[PDB]
Amino acid sequence: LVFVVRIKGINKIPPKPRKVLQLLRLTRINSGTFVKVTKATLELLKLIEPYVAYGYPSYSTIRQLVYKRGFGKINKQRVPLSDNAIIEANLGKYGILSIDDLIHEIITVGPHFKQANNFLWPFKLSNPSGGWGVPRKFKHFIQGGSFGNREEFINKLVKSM
Amino acid sequence: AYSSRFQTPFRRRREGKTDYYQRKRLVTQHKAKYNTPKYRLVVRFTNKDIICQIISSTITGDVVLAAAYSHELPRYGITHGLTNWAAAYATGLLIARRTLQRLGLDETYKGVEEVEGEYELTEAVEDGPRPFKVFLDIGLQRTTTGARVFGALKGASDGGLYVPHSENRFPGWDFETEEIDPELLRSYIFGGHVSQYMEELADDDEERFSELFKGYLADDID
Amino acid sequence: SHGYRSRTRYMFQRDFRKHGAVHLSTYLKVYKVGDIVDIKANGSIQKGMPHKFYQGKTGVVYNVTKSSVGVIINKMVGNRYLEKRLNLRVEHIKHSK
Amino acid sequence: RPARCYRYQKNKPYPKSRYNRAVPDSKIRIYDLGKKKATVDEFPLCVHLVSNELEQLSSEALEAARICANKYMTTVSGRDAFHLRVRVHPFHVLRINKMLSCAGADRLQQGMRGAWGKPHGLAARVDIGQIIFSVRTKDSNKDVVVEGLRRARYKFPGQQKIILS
RNA sequence: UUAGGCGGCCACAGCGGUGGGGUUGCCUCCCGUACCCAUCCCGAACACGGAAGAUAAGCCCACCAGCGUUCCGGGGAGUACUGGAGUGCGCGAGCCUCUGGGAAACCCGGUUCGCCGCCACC
RNA sequence: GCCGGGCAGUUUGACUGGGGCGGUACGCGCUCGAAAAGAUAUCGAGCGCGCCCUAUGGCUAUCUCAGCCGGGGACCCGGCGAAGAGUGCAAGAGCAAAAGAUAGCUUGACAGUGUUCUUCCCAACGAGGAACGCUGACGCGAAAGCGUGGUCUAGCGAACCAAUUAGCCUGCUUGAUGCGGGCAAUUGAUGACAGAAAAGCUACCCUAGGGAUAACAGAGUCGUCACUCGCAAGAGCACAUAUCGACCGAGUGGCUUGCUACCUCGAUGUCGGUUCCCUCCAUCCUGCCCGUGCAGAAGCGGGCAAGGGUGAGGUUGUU
RNA sequence: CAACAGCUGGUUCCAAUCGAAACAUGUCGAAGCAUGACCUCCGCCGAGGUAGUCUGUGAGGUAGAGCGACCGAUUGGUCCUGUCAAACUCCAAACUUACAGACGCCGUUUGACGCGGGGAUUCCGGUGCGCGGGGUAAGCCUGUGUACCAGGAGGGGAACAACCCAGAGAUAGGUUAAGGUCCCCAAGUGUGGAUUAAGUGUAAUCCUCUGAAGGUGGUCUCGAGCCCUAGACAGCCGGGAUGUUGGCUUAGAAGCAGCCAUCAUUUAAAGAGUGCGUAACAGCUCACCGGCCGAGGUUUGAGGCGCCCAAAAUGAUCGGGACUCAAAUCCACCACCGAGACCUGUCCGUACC
């Protein structure tokens, strides 16, 4: 799996990309969506590699961002979408414990956000940190740059929104 | 090989067998017992030997239903040279009455015939004897006037198979005559060329071969 | 100048190994009704040739007119209509992936 | 002169003799120096002449910078040692402002389309690291030939590296 | 097919070279022009007719790598080049890092002296 | 009928590194430019067509060259010889039992009517062109089949009017005759080639606009111009470097020139001169110095340095 | 007569949804039109559609490369050897592209895709980047793909259409982006380390920020060669034998223009001499010899900071002040500041239920 957050905005480029930011979802900055690593995937993210952060979050680092920014088809109450507002205690959308268990199945593979407990992407992240890498997107991770992968590189970024 | 910069054309090519740009020629007219990948009433020439084949192509195959090749003649018939036209009228005539109608000849197969009202019965064919056919391709060879290639065609024509060809691009007769000029129909073989080499000093016998042909048109074994 | 043999240069041309006449089999092969066929122009052909623009795209064969098969790119031209005019021979290749 | 809008490649092909005529002859004497024939290649001591730049030296550039080069190679007793090699030829033709084509900078003239520059000179071009013109013999002296090319470079638009044998 | 005919792919099949095979089953070379037919002149070829004689050509079979070609190992080379990103460097030309791809020449060693389809056939 | 700017009305095109002169990139074909689909500009590079052919068309049958060598630069015999000798014409492409050659036959270079593509990528638009059918009638072949002109892409032209081809329709109450009007189609021109019947001057000029576009000045630029630096071939009797100093390379200035066609055409007053102020170097003299191919004298070259100084007349509007 | 103009100017209330074209074909046409592309509105239709990616089946000859593969250029030698191509190709990408399936996204009350109809505006464009063609070049001319300006606010860049962040309902709290934290000015006179002495520099990009083929045993860092405890450098200090000016040559030629020879003697050692030098000598030097303590020495390449090739016009400049174990530069790093972006409360509009 991967987590995608679009650090760079789409000032105007590129057009083929930006198309494939949307379609992921995430039509904004600092938004975040979970993608399964598969073909018909991996192609798109690679295309949008310079735009966004990327990588496996650790789970229990994905639980953190589910609870804070979570779901609901329609943004509304039960805003926290905690375990209670996840798998149906009673009748309702369900799946598992409605917590880390949720971001357990997700991390391995399916189910997807909307598929179970049909509340969909995207994550709406705050974007803070002391700062993100060096300001301005650059070549990549091995340089001042938020670019690319690392399990516990997207952990910090994912953390502190 | 070479640097492989070049590509070589061969298939049948390389060493010659078939031609191309011919043998494609033949084929379009779907002929053979049935639809053919390549069909003919092949005529080959060998020193001291003439061969007639006949058959539609296969993916791998190029089968032949019935063959001639004076050599077998005389099965019945007689011992003489086989490298002459007479005795290359006989075959290609003997093949006819083998390929020509025995195993099967022109497009005749079990089941409904190819689209078109066509029925074939024993005896003269109804609705025209016209449907019998094969195209005869000399292989690599040279078209000449009365040439054995053509001659092979002449018998193995009046053998029932009907092949296109052009008259006046044959030996006439004489070299290979008809017994009687008023009736085209007859089995006819002549070897006049050699005959009259001497007058009838001795040796050659044209008379013997008419003998052969007599046997050919008739109820004979294989 | 302007004409069918416009700037083509390579697209039309077939070189060294495959030069001369081509096999009959391709142009004899029959396709029937909606069959997706690619279009191209094999060089060494002098008939049953489409234009030059539009060569390379697939179209769906439809009925045959004269000795030539309606096919051509039945398919769309650019992002557009399947406005199709097809007059291609079997000589140009058929088949689908 | 000066060579400025001459040796920077901001154009593309030709030379093409078909296309062009009235090319000036090169003023670059033979590109075969020293004793030829015998393989000089058997030698101690090696080479030089590396461009370290982009391109297009004119024949005006090479022909007095190369025999200038040879001149102080004469030290090795006329006909006795080394062979000098030049690499690339001045094929490449350049044209200069003949007011009819376009406007502004050269290879543009007056009007639009029209006079391409009229033929005036030819220059070979080179890459970042190519050997402009090399060859050596046994260590005749410390390296007279190395001294050669000192002078050889210093009449090339590029900064040439001596490069050790 | 202990030798054939028609092909597909169209050099892995090309170039060159060694060895083996038949005599009446095949392919030829071969023998010979009365005929059909033929050479701006020649039965050379084309065409026809035929088996006295051969395997020497061709052809078929086995094989050789020197050249050409194909593919592969290892080296060159993760080099040259490059899609995406960077308050990384440099006066600048230009370079670098991260990410995703990735060559050619040439060298050394193997591979390749066709593969496949239909038909007929001691 | 002829003469007839004496007089009247008009026209006298477009493109175009402003305009004009030159040219046409004004209709059309090929290679490249063109960035490996398609499309793609310039007064972009190379170069062609506005015909020619009754065979140089169509079909069928049959199918060895340049050149070299040897034997008697013509010709005859032999050998070598995959192609260096074709296909009307540009370029590019196609072609070998052929699309090329030779021989024979033949008129499909036919009439009629379509489908489609092109013209005009995408994406509408005519003439024209092409591909592929059918109906009818032929040609050649044994037959499949080929032939809708010349292997493919240039060789083209509206409406009105006339002439021409075959049959038919029709002309004002009516019949006959004459002479007309029409349906389909062929030929005749518009090359500024999707078609007006068409020469110039204006400094006597006028209007509408344009900085969409020139002259003058320009802020940007710095090829040009001025000056410098690096390297130092060479010359200077010997001696690179007292002095002179090429080739090549790197710069600085913004005094010349050019470019920008960027600024202004509801207007930024021309050249030269004059008068009056300030400045630049990169110093001509003067001060203080270094070198010398510095005896001295007179110089030559270099350094610091801008305090001060650095004119009068003859020709020419002249600078 | 209120002449006509394709030319300049002007054309007066609020708000909400969508939102261009500066291109193609024809035109006595290029300061204009028409028809297409493109914008909008309305009616119809009915279930799929395809801006992204992956795979499959196809199209391709540009980059590069190469030419004992055509072609045409282009060296030398007695087969070796030296070079090239916009109008070359035995090869050959990235990549663009037709079609299909898959995932994604989208559509069936927001009706897509598409069909028919009404209304346009528009056919002076421009800039950045990539690829270009012309030209010495241009804030040049002319293409192409794309994003932007035009018609786009707000934050940054000293100022500044298109450079960076960023695409914007009102109001509010919060956190960041670009960029910045010595002062002017919010936030550091931040940490570990090193370079720089030129005020280099404090200048991403660029008409705009120049600098190409002056000097520095100031100091730091890195590399390479050679010499050393058989005692180097100083390494440092001191010294620079007889035949003989070797023979020849030459005006001269005496160790040192050149040719030949390079012996012998006396020696602790000393070449018929390593370089400088003279007209030739002389003279200096090595080469060569003696002494001296004891450990590194010397030659050279590169980089960092600082110091003292490179000329312009009213008053110098990195935005300014001013800064040097930095407030410069490079390698790392920590904490902050800082938008209308992102998060968050309420409200408004619009669409839909």
# chains A, B, ... in the order shown; residues from 1 in each chain; ligands from 1
$ interface_residues --of "chain G" --to "chain A" --cutoff "6 Å" --atoms "only C-alpha atoms (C1' of nucleotides)" --output "PyMOL selection string"
chain G and resi 52-54+103+105+147+175-176+342-343
$ residues_around --residues "region 16-18 of chain F" --least-positions-apart "5" --cutoff "6 Å" --atoms "only C-alpha atoms (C1' of nucleotides)" --output "PyMOL selection string"
(chain D and resi 110-112) or (chain F and resi 213-214)
$ write_last_selection --atoms "C-alpha atoms (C1' of nucleotides)" --output "PDB file, in the first residue's frame"
ATOM      1  CA  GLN D 110      16.286  40.955 -44.097  1.00  0.00           C
ATOM      2  CA  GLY D 111      12.722  40.193 -44.997  1.00  0.00           C
ATOM      3  CA  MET D 112      11.566  36.715 -44.212  1.00  0.00           C
TER       4      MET D 112
ATOM      5  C1'   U F 213       4.474  50.161 -40.514  1.00  0.00           C
ATOM      6  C1'   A F 214       9.306  53.599 -42.381  1.00  0.00           C
TER       7        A F 214
END
$ residues_around --residues "region 107-111 of chain F" --least-positions-apart "6" --cutoff "9 Å" --atoms "only C-alpha atoms (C1' of nucleotides)" --output "VMD selection string"
chain F and resid 54 57 to 58 136 to 139 147 to 149
$ atom_distance --atom1 "CA of residue 30 (chain B)" --atom2 "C1' of residue 48 (chain E)"
28.2 Å
$ select_by_dssp --residues "chain B" --states "strand (DSSP E)" --output "PyMOL selection string"
chain B and resi 43-46+49-52
$ interface_residues --of "chain G" --to "chain C" --cutoff "7 Å" --atoms "only C-alpha atoms (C1' of nucleotides)" --output "PyMOL selection string"
chain G and resi 56-61+98-99
$ write_last_selection --atoms "N, CA and C atoms (P, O5', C5', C4', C3', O3' and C1' of nucleotides)" --output "PDB file, in the first residue's frame"
ATOM      1  P     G G  56       2.443  -6.900 -22.845  1.00  0.00           P
ATOM      2  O5'   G G  56       1.172  -7.256 -23.736  1.00  0.00           O
ATOM      3  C5'   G G  56       0.530  -8.532 -23.605  1.00  0.00           C
ATOM      4  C4'   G G  56      -0.687  -8.601 -24.489  1.00  0.00           C
ATOM      5  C3'   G G  56      -0.450  -8.261 -25.945  1.00  0.00           C
ATOM      6  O3'   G G  56       0.069  -9.347 -26.681  1.00  0.00           O
ATOM      7  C1'   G G  56      -2.339  -7.088 -25.174  1.00  0.00           C
ATOM      8  P     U G  57       1.193  -9.063 -27.782  1.00  0.00           P
ATOM      9  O5'   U G  57       0.362  -8.639 -29.064  1.00  0.00           O
ATOM     10  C5'   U G  57      -0.709  -9.463 -29.547  1.00  0.00           C
ATOM     11  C4'   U G  57      -1.546  -8.700 -30.546  1.00  0.00           C
ATOM     12  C3'   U G  57      -0.758  -7.920 -31.576  1.00  0.00           C
ATOM     13  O3'   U G  57      -0.304  -8.741 -32.628  1.00  0.00           O
ATOM     14  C1'   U G  57      -2.493  -6.564 -30.726  1.00  0.00           C
ATOM     15  P     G G  58       0.957  -8.269 -33.481  1.00  0.00           P
ATOM     16  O5'   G G  58       0.413  -6.969 -34.203  1.00  0.00           O
ATOM     17  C5'   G G  58       1.275  -5.871 -34.511  1.00  0.00           C
ATOM     18  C4'   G G  58       0.455  -4.764 -35.099  1.00  0.00           C
ATOM     19  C3'   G G  58       1.208  -3.553 -35.598  1.00  0.00           C
ATOM     20  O3'   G G  58       1.759  -3.775 -36.876  1.00  0.00           O
ATOM     21  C1'   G G  58      -0.643  -2.846 -34.327  1.00  0.00           C
ATOM     22  P     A G  59       3.130  -3.059 -37.252  1.00  0.00           P
ATOM     23  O5'   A G  59       2.711  -1.530 -37.325  1.00  0.00           O
ATOM     24  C5'   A G  59       1.721  -1.086 -38.265  1.00  0.00           C
ATOM     25  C4'   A G  59       1.669   0.415 -38.284  1.00  0.00           C
ATOM     26  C3'   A G  59       3.031   1.076 -38.310  1.00  0.00           C
ATOM     27  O3'   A G  59       3.586   1.127 -39.613  1.00  0.00           O
ATOM     28  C1'   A G  59       1.685   2.111 -36.667  1.00  0.00           C
ATOM     29  P     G G  60       5.176   1.037 -39.783  1.00  0.00           P
ATOM     30  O5'   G G  60       5.686   2.371 -39.089  1.00  0.00           O
ATOM     31  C5'   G G  60       5.374   3.669 -39.631  1.00  0.00           C
ATOM     32  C4'   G G  60       6.158   4.715 -38.889  1.00  0.00           C
ATOM     33  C3'   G G  60       7.631   4.358 -38.767  1.00  0.00           C
ATOM     34  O3'   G G  60       8.443   4.749 -39.899  1.00  0.00           O
ATOM     35  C1'   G G  60       6.734   5.079 -36.663  1.00  0.00           C
ATOM     36  P     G G  61       8.409   6.262 -40.482  1.00  0.00           P
ATOM     37  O5'   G G  61       9.469   7.082 -39.633  1.00  0.00           O
ATOM     38  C5'   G G  61      10.541   7.782 -40.273  1.00  0.00           C
ATOM     39  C4'   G G  61      11.722   7.890 -39.336  1.00  0.00           C
ATOM     40  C3'   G G  61      13.050   7.699 -40.048  1.00  0.00           C
ATOM     41  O3'   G G  61      14.039   8.439 -39.347  1.00  0.00           O
ATOM     42  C1'   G G  61      12.723   5.964 -38.477  1.00  0.00           C
ATOM     43  P     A G  98      -4.753   7.607 -30.416  1.00  0.00           P
ATOM     44  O5'   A G  98      -5.020   6.456 -31.474  1.00  0.00           O
ATOM     45  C5'   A G  98      -5.528   6.773 -32.777  1.00  0.00           C
ATOM     46  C4'   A G  98      -5.934   5.518 -33.500  1.00  0.00           C
ATOM     47  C3'   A G  98      -6.824   4.588 -32.697  1.00  0.00           C
ATOM     48  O3'   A G  98      -8.185   4.950 -32.813  1.00  0.00           O
ATOM     49  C1'   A G  98      -5.041   3.357 -33.632  1.00  0.00           C
ATOM     50  P     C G  99      -9.187   4.656 -31.597  1.00  0.00           P
ATOM     51  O5'   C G  99      -9.141   3.077 -31.421  1.00  0.00           O
ATOM     52  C5'   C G  99      -9.656   2.211 -32.449  1.00  0.00           C
ATOM     53  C4'   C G  99      -9.459   0.761 -32.075  1.00  0.00           C
ATOM     54  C3'   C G  99      -9.969   0.325 -30.712  1.00  0.00           C
ATOM     55  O3'   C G  99     -11.357   0.042 -30.689  1.00  0.00           O
ATOM     56  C1'   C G  99      -7.813  -0.563 -31.074  1.00  0.00           C
TER      57        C G  99
END
$ select_by_dssp --residues "region 23-192 of chain B" --states "alpha helix (DSSP H)" --output "NGL selection string"
:B and (25-28 or 148-154)
$ interface_residues --of "chain C" --to "chain B" --cutoff "8 Å" --atoms "only C-alpha atoms" --output "list in words"
residues 16, 17, 18 and 24 of chain C
$ residues_around --residues "residue 22 (chain B)" --least-positions-apart "6" --cutoff "10 Å" --atoms "only C-alpha atoms (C1' of nucleotides)" --output "PDB file with N, CA and C atoms (P, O5', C5', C4', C3', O3' and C1' of nucleotides), in the first residue's frame"
ATOM      1  N   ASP B 137       0.811 -26.873 -64.627  1.00  0.00           N
ATOM      2  CA  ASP B 137       1.907 -26.001 -64.640  1.00  0.00           C
ATOM      3  C   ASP B 137       3.106 -26.804 -64.920  1.00  0.00           C
ATOM      4  N   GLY B 139       6.841 -27.050 -64.424  1.00  0.00           N
ATOM      5  CA  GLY B 139       7.442 -26.415 -63.285  1.00  0.00           C
ATOM      6  C   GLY B 139       8.377 -25.436 -63.879  1.00  0.00           C
ATOM      7  N   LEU B 140       9.593 -25.287 -63.312  1.00  0.00           N
ATOM      8  CA  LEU B 140      10.469 -24.420 -64.024  1.00  0.00           C
ATOM      9  C   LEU B 140      10.653 -25.172 -65.279  1.00  0.00           C
TER      10      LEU B 140
ATOM     11  P     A F  97      10.271 -13.675 -61.078  1.00  0.00           P
ATOM     12  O5'   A F  97       9.359 -13.518 -62.367  1.00  0.00           O
ATOM     13  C5'   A F  97       9.939 -13.476 -63.681  1.00  0.00           C
ATOM     14  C4'   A F  97       9.461 -14.645 -64.501  1.00  0.00           C
ATOM     15  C3'   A F  97       7.959 -14.869 -64.516  1.00  0.00           C
ATOM     16  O3'   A F  97       7.345 -14.075 -65.527  1.00  0.00           O
ATOM     17  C1'   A F  97       9.100 -16.932 -64.177  1.00  0.00           C
TER      18        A F  97
END
$ residues_around --residues "region 304-312 of chain F" --least-positions-apart "3" --cutoff "9 Å" --atoms "only C-alpha atoms (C1' of nucleotides)" --output "ChimeraX atom specification"
/F:283-289
$ residues_around --residues "residue 32 (chain B)" --least-positions-apart "2" --cutoff "9 Å" --atoms "only C-alpha atoms (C1' of nucleotides)" --output "MDAnalysis selection string"
chainID B and resid 30 34:36 38:41 54:57 105:107 133:135
$ closest_atom_pairs --of "chain A" --to "chain E" --cutoff "7 Å" --atoms "only C-alpha atoms (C1' of nucleotides)" --output "tab-separated table"
residue	atom	partner	partner_atom	distance
A:47	CA	E:84	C1'	7.0
A:49	CA	E:84	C1'	6.0
A:50	CA	E:85	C1'	4.3
A:135	CA	E:87	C1'	6.8
A:137	CA	E:86	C1'	5.4
A:138	CA	E:86	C1'	1.8
A:139	CA	E:86	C1'	3.6
A:140	CA	E:98	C1'	3.9
A:141	CA	E:98	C1'	5.2
A:142	CA	E:98	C1'	4.7
A:143	CA	E:97	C1'	5.8
A:144	CA	E:86	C1'	6.9
A:145	CA	E:86	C1'	6.2
A:147	CA	E:85	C1'	6.7
A:148	CA	E:99	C1'	6.4
$ write_last_selection --atoms "C-alpha atoms" --output "mmCIF file, in the first residue's frame"
data_model
loop_
_atom_site.group_PDB
_atom_site.id
_atom_site.type_symbol
_atom_site.label_atom_id
_atom_site.label_comp_id
_atom_site.auth_asym_id
_atom_site.auth_seq_id
_atom_site.Cartn_x
_atom_site.Cartn_y
_atom_site.Cartn_z
ATOM 1 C CA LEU A 47 3.709 9.640 -12.836
ATOM 2 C CA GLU A 49 6.129 11.304 -8.127
ATOM 3 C CA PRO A 50 7.463 14.775 -8.006
ATOM 4 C CA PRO A 135 10.886 24.304 1.671
ATOM 5 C CA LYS A 137 9.936 20.500 -3.755
ATOM 6 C CA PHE A 138 13.350 19.417 -4.918
ATOM 7 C CA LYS A 139 14.980 16.410 -6.424
ATOM 8 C CA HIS A 140 13.918 13.991 -3.773
ATOM 9 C CA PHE A 141 14.534 12.368 -0.427
ATOM 10 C CA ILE A 142 18.244 12.172 -0.685
ATOM 11 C CA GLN A 143 18.514 15.905 -0.823
ATOM 12 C CA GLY A 144 16.358 18.279 1.028
ATOM 13 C CA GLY A 145 13.124 17.002 -0.366
ATOM 14 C CA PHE A 147 9.954 13.359 -2.453
ATOM 15 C CA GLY A 148 9.678 9.626 -2.670
#
$ interface_residues --of "chain F" --to "chain B" --cutoff "7 Å" --atoms "only C-alpha atoms (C1' of nucleotides)" --output "PyMOL selection string"
chain F and resi 97+142-144
$ interface_residues --of "chain G" --to "chain B" --cutoff "10 Å" --atoms "only C-alpha atoms (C1' of nucleotides)" --output "list in words"
residues 69, 90 and 91 of chain G
$ write_last_selection --atoms "C-alpha atoms (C1' of nucleotides)" --output "PDB file, in the first residue's frame"
ATOM      1  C1'   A G  69      25.194  -2.070 -44.935  1.00  0.00           C
ATOM      2  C1'   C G  90      23.017  -2.729 -41.596  1.00  0.00           C
ATOM      3  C1'   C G  91      20.837  -0.625 -36.767  1.00  0.00           C
TER       4        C G  91
END
$ interface_residues --of "chain D" --to "chain E" --cutoff "12 Å" --atoms "only C-alpha atoms (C1' of nucleotides)" --output "list in words"
residues 8, 52, 53, 54, 128 and 158 of chain D
$ residues_around --residues "region 140-143 of chain D" --least-positions-apart "5" --cutoff "9 Å" --atoms "only C-alpha atoms (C1' of nucleotides)" --output "list in words"
residues 45, 76, 81 and 148 of chain D
$ write_last_selection --atoms "N, CA and C atoms" --output "compact mmCIF listing (two decimals), in the first residue's frame"
# COMPACT_ATOMS: atom_id res chain seq x y z
N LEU D 45 55.80 7.57 -24.64
CA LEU D 45 55.30 8.91 -24.69
C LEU D 45 54.01 8.88 -25.44
N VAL D 76 62.53 18.46 -33.58
CA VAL D 76 63.02 17.13 -33.71
C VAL D 76 63.46 16.88 -35.12
N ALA D 81 61.36 11.62 -36.48
CA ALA D 81 60.53 11.22 -35.39
C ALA D 81 59.16 11.72 -35.69
N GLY D 148 54.69 21.59 -27.88
CA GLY D 148 53.83 21.79 -28.99
C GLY D 148 52.50 21.64 -28.32
